[PDB]
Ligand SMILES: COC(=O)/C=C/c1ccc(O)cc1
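A single chain comes next, written as structure tokens; it is the form deposited without the named molecule.
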């Protein structure tokens, strides 16, 4: 992750004009759309929270929680902490992903519902605060990622603009025909529902 932290603009996009800030959301949405393509709804919920964080919920299978043989930690943690064909229909870039988002977030909350169990983990600037842990039981399945962008990295344009997210999620709904995409803004109660 130190290569990303050193030159964040090279991975996520321009960190001053708002390109990078919003691409953080689109990388998390990318992961969610790939996961959503295997569900009992195929729906994602993108929420802009009042504290200037964004959460993305999907109803997919859930990120694998078992221990990775080589790394010796949960497979979820490996995904969060290890880094013309680059384009993806889900909207992210190959060679970026959620590990870059995690590295450039002052906080990231991961919640996985899988195999009848709720798993939780917290990161700060890409560093796990404890191992992925079973915190309860559940009937549902899915992955939730909520991230607080690092205000050290992202300057000038620090607040999430609704219209920039809404525009991109509309484009993605046409490319991802089966998937439902809900956008919610808790600052002013604004909302949209994109489905092809």
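Numbering follows the first chain given and starts at 1. We call the rigid core the largest set of C-alpha positions that still match within 1.5 Å between the two forms.
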{"property": "Greater Cα displacement in 8 other deposited structures of this protein once the core is superposed, comparing 38 to 46 with 25 to 33", "result": "38 to 46"}
{"property": "Between 115 to 123 and 95 to 103, larger RMS Cα displacement in 8 other deposited structures of this protein after core fit", "result": "95 to 103"}
{"property": "No coordinates for residue 89 in a third or more of the other PDB entries", "result": "yes"}
{"property": "Deposited residues lacking coordinates between residue 83 and residue 84 (none, 1 to 3, 4 to 9, 10 or more)", "result": "4 to 9"}
{"property": "Stretch with the greater mean C-alpha B-factor as recorded in the entry, comparing 62 to 70 against 127 to 135", "result": "62 to 70"}
{"property": "Stretch with the greater mean C-alpha B-factor as recorded in the entry, comparing 88 to 96 against 104 to 112", "result": "88 to 96"}
{"property": "Ranked C-alpha temperature factor of residue 55 among modelled chain residues, by third", "result": "lowest"}
{"property": "Ranked C-alpha temperature factor of residue 25 among modelled chain residues, by third", "result": "lowest"}
{"property": "Third of chain Cα B-factors occupied by residue 158", "result": "highest"}
{"property": "Third assignment of residue 38 from its chain's C-alpha B-factors", "result": "highest"}
{"property": "Third of the chain's Cα B-factor distribution that residue 140 belongs to, per the entry", "result": "highest"}
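Note that the form deposited with the named molecule bound isn't included here; everything after this is about it.
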query: Complete contact of 12, 15 and 95 with the named molecule in the bound PDB entry (any heavy atom, 4.5 Å); finding: no
query: Partner-facing stretch of 32 to 40, 165 to 173, 66 to 74, 132 to 140, counted where any non-hydrogen atom is within 4.5 angstroms of the named molecule in the bound PDB entry; finding: 32 to 40
query: Close approach of residue 79 to the named molecule in the bound PDB entry, 4.5 Å, heavy atom; finding: yes
